[PDB]
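What follows is a short report on a single structure.
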Amino acid sequence: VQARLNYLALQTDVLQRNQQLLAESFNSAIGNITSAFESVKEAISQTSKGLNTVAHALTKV
Amino acid sequence: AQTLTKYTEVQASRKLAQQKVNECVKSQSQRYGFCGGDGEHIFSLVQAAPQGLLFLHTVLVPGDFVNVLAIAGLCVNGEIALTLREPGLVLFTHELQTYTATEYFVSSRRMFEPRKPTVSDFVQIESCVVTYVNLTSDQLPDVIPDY
Amino acid sequence: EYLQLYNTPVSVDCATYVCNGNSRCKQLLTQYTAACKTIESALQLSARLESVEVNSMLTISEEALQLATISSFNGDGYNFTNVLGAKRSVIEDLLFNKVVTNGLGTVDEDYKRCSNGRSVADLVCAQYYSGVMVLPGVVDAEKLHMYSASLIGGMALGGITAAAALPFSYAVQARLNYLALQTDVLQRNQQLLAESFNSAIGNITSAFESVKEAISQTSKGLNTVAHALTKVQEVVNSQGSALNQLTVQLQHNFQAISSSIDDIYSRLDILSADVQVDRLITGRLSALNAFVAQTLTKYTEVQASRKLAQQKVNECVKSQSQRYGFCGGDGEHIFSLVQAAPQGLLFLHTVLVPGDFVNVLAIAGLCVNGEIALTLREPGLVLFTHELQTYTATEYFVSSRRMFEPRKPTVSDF
Amino acid sequence: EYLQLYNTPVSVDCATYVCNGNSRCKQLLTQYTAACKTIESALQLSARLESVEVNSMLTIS
Amino acid sequence: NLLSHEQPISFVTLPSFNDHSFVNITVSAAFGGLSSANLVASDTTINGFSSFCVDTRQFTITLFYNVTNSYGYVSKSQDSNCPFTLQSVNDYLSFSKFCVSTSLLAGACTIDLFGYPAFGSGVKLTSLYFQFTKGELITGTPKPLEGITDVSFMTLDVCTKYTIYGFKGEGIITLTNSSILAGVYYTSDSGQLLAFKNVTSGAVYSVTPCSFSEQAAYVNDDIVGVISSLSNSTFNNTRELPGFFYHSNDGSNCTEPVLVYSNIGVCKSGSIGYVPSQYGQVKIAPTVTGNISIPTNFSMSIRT
Amino acid sequence: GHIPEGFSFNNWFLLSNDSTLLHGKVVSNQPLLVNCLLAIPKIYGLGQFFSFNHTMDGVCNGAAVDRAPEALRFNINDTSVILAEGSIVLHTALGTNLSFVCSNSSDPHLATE
Ligand SMILES: *[C@H]1O[C@H](CO)[C@@H](O[C@@H]2O[C@H](CO)[C@@H](O[C@@H]3O[C@H](CO[C@H]4O[C@H](CO)[C@@H](O)[C@H](O)[C@@H]4O)[C@@H](O)[C@H](O[C@H]4O[C@H](CO)[C@@H](O)[C@H](O)[C@@H]4O[C@H]4O[C@H](CO)[C@@H](O)[C@H](O)[C@@H]4O)[C@@H]3O)[C@H](O)[C@H]2NC(C)=O)[C@H](O)[C@H]1NC(C)=O
């Protein structure tokens, strides 16, 4: 993931936890797509129904 | 007719799925929104789904922006004009309210990743231009440490 | 280039189409198990999918839209007057008026007019009494205008402290740098670019109001405005086709003694009237299944245009494309504008075409003292001399291969 | 890789298909208003679009 | 619409007085035998003759059976090779000519009349051959119906079961001041009547179906509102929008739509509103010398 | 034998034994080829025999064409002109003549409007 960040911009300011705010933002994303794969349309808002999200993926499946 | 048109309707999805595997999953895409819409791509995972693939395009999105005065280039002694080589890098100062400033940095335009300028980032272009900072070889090492 | 984003959705009340509100026919129609469910939900679940796809790719940006719409856009030599508008632009008004004057169904019709018979019903209410409803177009020409201005103004958005629009001669200089690092900047070539674009946009706006008495075959090809106007008129004319053939199948009789159900039930015995109304029910359910098959393939034909339009917005309009021909065929791309068009977007891919070529001797590298071999680092740069008739020469330069922007070599290039 | 560029166009003389040159059938066929217009022009306008879209990408140098 | 048993009849036809003749048909047969019931000496007449052809602009067919079965009763039935039945000819059908005979006429359909004097196999009493031509002038009728300048009757503004120049249906008839200069009736491509003239006065009337199609917004297992052409409906609030009416139990605006289509949003309470365009995150144009902004703290997001 | 372009079509209707076309293009078999146009001033009637086997007579506008008609079009503005006994007689091929007659009574064997 560090090598994949370098293709966007060469990384420099590594001090003060600069990777952990990426890693814990992924943990809290993958732990939310896994809830949409078992929750129900009572918990849907119209932005959570768009062209690149899990409720549209399920409707298409 | 219904069955062959449904194979044709699916082939055009499978050609896209083979592109997303090769450009989002196996490599990384510089194509702005191909891997999962607006953001900067870093990786797509893949999961098996009923008759195809589910792609989990893990994009990067900015919570915050930093506002900086960009400098086109340096016009040293009014004689030699230096410009950054790479169109993906910006030369800047934090000191928005003034045409010239305390100290200078380089970063990508795509992520704020600052570094001090290096003599290998700049090329001497044929002519100076009115947008460039007026500067002297007596103070160019305040911009470029190791000049 | 014209890319269609959406298909005007259509809905049917199958009991009104098949039975004209006759009660005895509705009582027979429920025996055809789920024939109505499998027509209605195919049209409704598809009309919903279009609504969520198109409204979810038309993401406006509020801090970009305020730089275009006010016409306070600093073209700084470039005449954007035809593109912006205060409500639509000059090109958007000419493009609708060249086609939506002969067109239909791209202006949303009102059904309030057709519960009251104080006027004789026209075609678009004779369909409604036949039970078929064209819904409001998936996105209106004001949301579709705001999107286009949110993309034009998105090019002037240099930073979120958006106090004034960025002079467009700077956004074009940055877009030239991704082709070649510009060096001979104290030359007329920025005004050559600007006054060439001023003439090119003057010539597209004239083609939205000129006529085929002034067309030649090269001006009719794959990436020019006459091809876009043929493709726009093919969409606007085609939208009625499946919906007319649905409606005339109500005047077929399908071997029954009449084409109307209250005629049959008011003339045959009630045993034989059910037997003939089953041929009208079977025929009219088949006419709807044929219409659903036409309609779903016409959504699927659009979706590959929408996916391409979204790629061109992300790679040509929001960013810049290094892909050679994707934004408007052969030439170096710098920007594409967008405009609203009858059921989609019109792209104005502004590509740099060279008038002239310099001829120069390219040198692979330097073999210093027969010992140390210097080569350029970057395959985009060529090391050259102007002196073609000899193996070695007066003085040396480096430039891009894509544009002639010479500079002296630096110890950092090698 | 093989990619198809063009589909070999086909045109119909709608009165000749429907009536074989019988004069009294042509007379009847005119009562099916625009039935031949909406077959002929769909084939001719599509054959013309293939002509331009293919002969405009096959630019020789 | 709630007019099922109520709905008025309407009849509109080319202007006529009360010009009526009965086509009254007598069928006679005799029966006998003690070990089974069987038929002898059948005869048929229309107005006392073997054939009749209608000349007056209204007629009624009536059947008289004059069957003398010793076993006490006869049941009677009809077979039609025909687009009508004898009692249905009376129900306002229209024709260009109409002739009836006991003997085969040139283009004719058959009505065959049968009796069942002892239950099982029936016997044919008589055959009626009908020669007719679909048209406008000569109309079947139940009874001689009065009038001086016209025979036609209408009810306007109410859902009616109509015959208008041989078209039949249920609909609302309304007077329109959209005068039209040629013909007598105007039809859709759907083959359905849209308007017609009262040709004696030039006035044009328009026909609507009396149930229109609507879209019901269904949320949480109830119909919370309905989209319509109509100004009145069972819900207690109505709102007018540029293309349609919306009916609901709640006239407020909507800030949390559970359904959207285009820019129309329907809330859980049944409110309607307009839903704004989604706002995407800002992208920064490449620029050389302005005050620029560079993306800094980056979160991560999964797009599926 | 064609009707001139730019003629008004003041009271010429396209014929139907059916529904009437409100607007648009149609291609149809109509009595619009003209053999002659016998124009009579509104202050005169006329009595003539027009035969579906002979050429129409009497001086008539433009060039006369020697064809027997298939249709006769009468372009009368005030219908007071057509109501009299024997105002039209149609001679059927079966040798039966059919005569239009009008009465102020609903019984035909015998007041201004
Ligand atoms: C509304 O519906 C009515 C119903 O009447 C419809 O009437 C139909 O009109 C057409 C004319 O438009 C009539 O068609 C003609 O048919 C005859 C032959 O039919 C005969 O035989 C049957 C017996 O089985 C009889 O019942 C019937 O009465 C007839 O005797 C054809 O002869 C006619 O053709 C002539 O004209 C054609 C061009 O229109 C020529 O192509 C053809 O060669 C004939 O030309 C003749 O005249 C020419 C003049 O120069 C001459 O040069 C030629 O040598 C030749 O002599 C025509 O096809 C049909 O009868 C009517 N239907 C009925 C019930 O009879 C109305 O037209 C219709 N209205 C509209 C607008 O829809």
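So basically every Cβ, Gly included, is an ideal-geometry build from the backbone, and we count neighbours across all protein chains shown. Derivation of every value follows stated rules applied to the coordinates shown; laboratory data play no part.
Contact annotation: residue pairs with Cβ atoms under 7 Å, 6 or more positions apart or on different chains, pairing a residue in the range F:5-16 that is farther than 18 Å from F:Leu33 by Cβ with a partner that is within 14 Å of the ligand (Cβ to nearest atom), are F:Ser16/E:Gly183.
Condition test on F:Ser28, is it among the small types (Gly, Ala, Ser) and away from the ligand (no atom under 16 Å from the Cβ)? Don't jump to the end; show me each part of the working.
Working: among the small types (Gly, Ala, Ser): yes; away from the ligand (no atom under 16 Å from the Cβ): no.
So F:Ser28 does not fit the description; no.
What pairs come out if I take residues in the range B:38-50 that are under 22 Å from C:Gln310 (Cα atoms) and at the interface with chain A (Cβ under 9 Å from one of its Cβ atoms) and pair them with residues that are aromatic (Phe, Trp, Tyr) and in a strand (DSSP E or B) whose C-beta lies under 8 Å away, six or more apart or interchain? Close Cβ pairs satisfying both conditions: B:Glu40/E:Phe298.
Test F:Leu14 against the criterion of being surrounded by 12 or more Cβ atoms within 10 Å (Cβ to Cβ), within 16 Å of the ligand (Cβ to nearest atom) and within 14 Å of chain E (Cβ to nearest Cβ), and give yes or no. If you could, list the steps in order and put the result at the bottom.
On the way: surrounded by 12 or more Cβ atoms within 10 Å (Cβ to Cβ): yes; within 16 Å of the ligand (Cβ to nearest atom): yes; within 14 Å of chain E (Cβ to nearest Cβ): yes.
So F:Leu14 fits the description; yes.
Scanning the range F:49-84 for residues that are away from the ligand (no atom under 13 Å from the Cβ), farther than 24 Å from F:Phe9 by Cβ and of a type in the set (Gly, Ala, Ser) turns up F:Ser51, F:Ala84. Among the conditions (1) within 27 Å of C:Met146 (Cα to Cα); (2) touching a helix residue (DSSP H, G or I) at 6+ places or on another chain (Cβ under 8 Å); (3) outside any loop (DSSP other than H, G, I, E, B), E:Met300 misses just one, which is (1). Checked against the criterion of being of a type in the set (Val, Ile, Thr), over 23 Å from E:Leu181 (Cα atoms) and within 16 Å of the ligand (Cβ to nearest atom), the candidates F:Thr20, F:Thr92 yield just one match: F:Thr92.
Is the range C:132-141 home to any residue that is over 26 Å from the mean Cα position of the chain (by Cα) and within 11 Å of chain E (Cβ to nearest Cβ)?
The initial filter retains those residues of the range C:132-141 that are over 26 Å from the mean Cα position of the chain (by Cα), namely C:132.
Within this subset, residues satisfying the condition of being within 11 Å of chain E (Cβ to nearest Cβ) are C:132.
There is at least one residue in the range C:132-141 that is over 26 Å from the mean Cα position of the chain (by Cα) and within 11 Å of chain E (Cβ to nearest Cβ).
All of E:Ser21, E:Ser42 fail the test of being within 19 Å of E:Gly122 (Cα to Cα) and in a strand (DSSP E or B), apart from E:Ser42.
If only residues of the range C:27-52 that are of a type in the set (D, E, K, R) and in contact with a helix residue (DSSP H, G or I) (Cβ under 7 Å, 6 or more places away or on another chain) are counted, the one that is farthest from C:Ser150 (Cα to Cα) is C:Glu40.
Among the residues of the range A:26-53, the ones that are over 20 Å from E:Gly280 (Cα atoms), small (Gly, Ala, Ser) and within 14 Å of the chain's Cα centre (by Cα) come to 4 in all.
Residue-by-condition table, conditions (1) more than 7 Å from chain C (Cβ to nearest Cβ); (2) of a type in the set (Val, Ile, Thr):
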residue	(1), (2)
E:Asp221	yes, no
E:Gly225	yes, no
E:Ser228	yes, no
E:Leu241	yes, no
E:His247	yes, no
E:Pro257	yes, no
E:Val260	no, yes
E:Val275	yes, yes
E:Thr289	no, yes
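From the set of residues in the range A:22-61 that are away from chain C (no Cβ under 14 Å) and not in a helix (DSSP H, G or I), which is nearest to A:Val1 (Cα to Cα)? Spell out how you get there, then give the answer.
Residues of the range A:22-61 that are away from chain C (no Cβ under 14 Å), as a first pass: A:22-40, A:42-43.
After this cut, where a residue has to be not in a helix (DSSP H, G or I) as well, the list is A:37-40.
Working: A:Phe37: 26, A:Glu38: 29, A:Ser39: 30, A:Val40: 33 Å.
Checked the range A:22-61; the qualifying residue nearest to A:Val1 (Cα to Cα) is A:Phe37.
Taking the range E:45-66, which residues are part of a strand (DSSP E or B) and among the polar types (S, T, N, Q)?
Let us first name the residues in the range E:45-66 that are part of a strand (DSSP E or B), namely E:45-46, E:49, E:51-53, E:58-66.
Correct list: E:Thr45, E:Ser51, E:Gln58, E:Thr60, E:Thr62, E:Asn66.
Taking the options C:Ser210, C:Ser199, C:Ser206, name whichever one is hydroxyl-bearing (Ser, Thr, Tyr), more than 9 Å from every other protein chain (Cβ to nearest Cβ) and in a loop (DSSP other than H, G, I, E, B). After ruling out the rest, the residue left standing is C:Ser210. Taken together, B:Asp142, B:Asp64, B:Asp146 contain a single residue that is within 14 Å of chain A (Cβ to nearest Cβ) and among the acidic types (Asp, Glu), which is B:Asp64.
For the range E:172-202, taking the residues that are at the interface with another protein chain (Cβ under 9 Å from one of its Cβ atoms) and on the phi > 0 side of the Ramachandran plot, the one that is surrounded by the most Cβ atoms within 10 Å (Cβ to Cβ) is identified as E:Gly183. Pairs meeting the criteria (first residue in the range E:65-93 and at positive phi, second residue surrounded by 12 or more Cβ atoms within 10 Å (Cβ to Cβ) and assigned to a loop (DSSP other than H, G, I, E, B), beta carbons under 7 Å, at least 6 apart or on different chains) are E:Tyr92/E:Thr141.
Given the structure, is C:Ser56 closer than 21 Å to E:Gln278 by Cα and under 22 Å from the mean Cα position of the chain (by Cα)? In short, yes.
Determine, yes or no, whether F:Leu33 is within 11 Å of the ligand (Cβ to nearest atom), away from chain E (no Cβ under 14 Å) and closer than 19 Å to F:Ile3 by Cβ.
Numbers: within 11 Å of the ligand (Cβ to nearest atom): yes; away from chain E (no Cβ under 14 Å): yes; closer than 19 Å to F:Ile3 by Cβ: yes.
Judged against the criteria, F:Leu33 is a match.
Does F:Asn97 fit the bill of being touching a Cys at 6+ places or on another chain (Cβ under 8 Å), more than 14 Å from chain E (Cβ to nearest Cβ) and away from the ligand (no atom under 16 Å from the Cβ)? Spelling it out, it is not the case that F:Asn97 is touching a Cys at 6+ places or on another chain (Cβ under 8 Å), more than 14 Å from chain E (Cβ to nearest Cβ) and away from the ligand (no atom under 16 Å from the Cβ). Considering only residues in the range E:67-103 that are assigned to a loop (DSSP other than H, G, I, E, B) and small (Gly, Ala, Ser), the one that is farthest from the chain's Cα centre (by Cα) turns out to be E:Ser70.
Residues in the range B:13-37 that are facing chain E (nearest Cβ under 9 Å) and of a type outside the set (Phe, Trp, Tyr): B:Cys35, B:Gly36, B:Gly37.
Among residues of the range E:267-288 that are closer than 21 Å to C:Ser148 by Cα, those with a Cβ under 6 angstrom from a residue that is basic (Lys, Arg) and surrounded by fewer than 23 Cβ atoms within 10 Å (Cβ to Cβ), sequence gap 6+ or separate chain, pair up as E:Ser277/C:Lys143; E:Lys283/C:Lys318. Annotation: of all residues in the range C:286-323 being charged (D, E, K, R) and under 18 Å from C:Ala340 (Cα atoms), the one that is surrounded by the fewest Cβ atoms within 10 Å (Cβ to Cβ) is C:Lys307.
So in the range A:4-19, with the set limited to residues that are assigned to a loop (DSSP other than H, G, I, E, B) and at the interface with chain B (Cβ under 7 Å from one of its Cβ atoms), which one is farthest from B:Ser27 (Cα to Cα)? Give the derivation first.
So in the range A:4-19, the residues assigned to a loop (DSSP other than H, G, I, E, B) come out as A:7-19.
Narrowing the set further to residues that are at the interface with chain B (Cβ under 7 Å from one of its Cβ atoms) leaves A:7-13.
On the way: A:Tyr7: 11, A:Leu8: 13, A:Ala9: 16, A:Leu10: 17, A:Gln11: 19, A:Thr12: 23, A:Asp13: 25 Å.
Only one residue fits best here, namely A:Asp13.
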